[PDB]
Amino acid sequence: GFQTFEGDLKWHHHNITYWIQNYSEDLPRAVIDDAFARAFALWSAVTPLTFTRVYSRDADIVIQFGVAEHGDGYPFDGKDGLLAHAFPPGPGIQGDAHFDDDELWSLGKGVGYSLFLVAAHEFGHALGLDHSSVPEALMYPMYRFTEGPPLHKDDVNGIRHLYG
């Protein structure tokens, strides 16, 4: 099922920091903060890691909303298509998560994309999981909106393989 990145890339400290560098206008800031906090809460429960929001460009996981070419050479593509991408743990751009602001970001059913669910998938990459071949795993690479708990056994097995 689960996959890791070449060399089992992982964080080497337990207290992970994140910085929300900018905001989409799609949702109130506190709703965006909450969407990302809830996506981290999903991974903190099943790992020895903690996630603290800081205001610093030195944060481990830097979160951006961007359109088209947004600074890393992996451009976004307008509405639908590529939704978001994240880099595996490590320094600098590594571990960062970027969200295509040409998407309509929502919390709800079927009106564009759930920022909470997309962030939960991208944060799995930013902790060192790659794509799973197990259908219904959070890390299985297709978007389907769900009201159910997003983590599957295969995701939890993957993250336990990396962090214990």
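Residue numbers run from 1 along the displayed sequence.
- Just going by the entry, 147 to 155 versus 11 to 19 on mean CA temperature factor gives the higher value to 147 to 155.
- Checked against the record, the higher mean CA B factor of 63 to 71 and 35 to 43 lies with 63 to 71.
- Ranking 102, 122, 58, 130 by the C-alpha B-factor listed in the PDB entry places 102 at the top.
- Annotation for residue 93: CA B-factor lies in the middle third of the chain's modelled residues.
- Ranked by Cα temperature factor within the chain, residue 54 sits in the middle third according to the deposited record.
- Among the modelled residues of its chain, residue 27 has a C-alpha B-factor that falls in the highest third, as given in the PDB entry.
- Per the PDB record, residue ranking by Cα B-factor puts residue 107 in the highest third of the chain.
- Ranked against the other modelled residues of its chain, the C-alpha B-factor of residue 82 as given in the entry falls in the highest third.
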